[PDB]
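Worksheet: one structure, shown below.
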Amino acid sequence: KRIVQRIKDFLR
């Protein structure tokens with residue numbers, strides 16, 4: 001499960 005999408009998307 002890749003959670004990187006949650007961070008990369010969390011930022012502006």
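Quick note on naming: the chains in the structure tokens go A, B, ... in the order shown, residues restart at 1 in each chain, and ligands are numbered from 1 in order of appearance.
Within chain A, DSSP run on the backbone puts these residues in alpha helix (DSSP H): residues 4, 5, 6, 7, 8, 9 and 10 of chain A.
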